[PDB]
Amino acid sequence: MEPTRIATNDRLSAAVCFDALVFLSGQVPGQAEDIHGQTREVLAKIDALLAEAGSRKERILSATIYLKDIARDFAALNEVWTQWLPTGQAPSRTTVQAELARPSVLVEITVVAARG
């Protein structure tokens, strides 16, 4: 087996697929400025990438959720997250505080999923 790549540039591929596994690059928000909208936009991008990479939201295996300010933003994160997930099909997850590459980014999520 060979890895296949999705949306490759000279730093990263949005997705790498290998042996029924899908490895997504950490996804960042669009132009939203607030935690609620940024979380929605991050999840929208993951939704799209899963489709391109041959998976779907129901097949997420793990998610690391990085919050620039975990004390300030965890509740809002959980609100959008819990509403976006398919019912009863939540993945394994870890949420931790970390500054992201751009100061405006409040949230970034890194997903591994099962090809479907």
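A residue's number is simply how far along the shown sequence it sits, counting from 1.
- When the mean C-alpha temperature factors of 60-68 and 28-36 are read from the deposited coordinates, 28-36 comes out higher.
- Averaged over Cα atoms, the B-factor as recorded in the entry is higher for 83-91 than for the other of 83-91 and 39-47.
- The entry lists a Cα temperature factor for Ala20 that places it in the highest third of the chain's modelled residues.
- Looking at the C-alpha B-factors along this chain, the one for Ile6 belongs to the middle third.
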